[PDB]
Every structure is written in C-alpha cells, then in structure tokens.
C-alpha cells in the first residue's frame, strides 16, 4: 500500500521559496526543520494533507558542484514543471495569485478538460493551474 506523500521541488533559495509558497500562494508550512545541515522545508495547500511539496536546496552537498550549476540553470529557465494544481475556479485563483505577486506565463485558457493557466514560482519552476471549469 505505497502512497506518495511528497513531491520534490528544486528551489534556488529556501528562504525565498518559503516566502513565495506561503505568502503568494497561501500554502502553509507543514515542516521546517534541519537535520545534519539539510533543511527539510515542506509546504502544502490548506485542505490537502496527504501530499506536501519539499522545497529542496540545489547546492552542496546533495548536488555535485557541476550538477548544481546545470540544475540551477534549467530551473531559472523554467524547464522544471512540478505538476498541476486543481482548484474550483481557475479565473478566480488566477486573479487572486496575480494580485499577490505571482507571474503567469499563460493566462487562463479553455481546454477540453477545463480552464488552465500556467504560473511560475520564485525560482522559475512552473505549475499548471486547473479547473473542471468553474
């Protein structure tokens, strides 16, 4: 009975990510704790307890120094898509997030499955934001 509890999000700076996720997206801090130099910083939306996002530092030691530079570069250019956030109304969440300071790379567009928008976090990772259409 394996289940997914957390999703790894590579971030450029943990303090900056923590602020973006909690103040801009309204997520809450589920863990913030350090063990052997590793800051275990996890966040999730207010409703969903089963799945957290791990805001994982990209740097020494868990990343080799060359590897780091290459990941950190792919992250800043928006190549890492974390996944899909499902909400009741994409246009409402769009405007809420946008009025806080979230940068959208795609405004809400109607798709066969719902209304979809695309935003990016503070590092440049992207999320699709989705509806079953209002």
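Residue numbers count along the first chain shown, from 1.
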Checklist entry - In the PDB record, does 54-62 or 33-41 carry the higher mean Cα temperature factor? => result 54-62
Checklist outcome for this item: For 78-86 versus 44-52, entry-based mean Cα B-factors point to 44-52
Checklist outcome for this item: When the entry's CA B-factors for 128, 1, 5, 8 are compared, the highest one belongs to 1
Checklist entry - Out of 109, 92, 102, 68, which one has a C-alpha B factor higher than all the others in the entry? => result 68
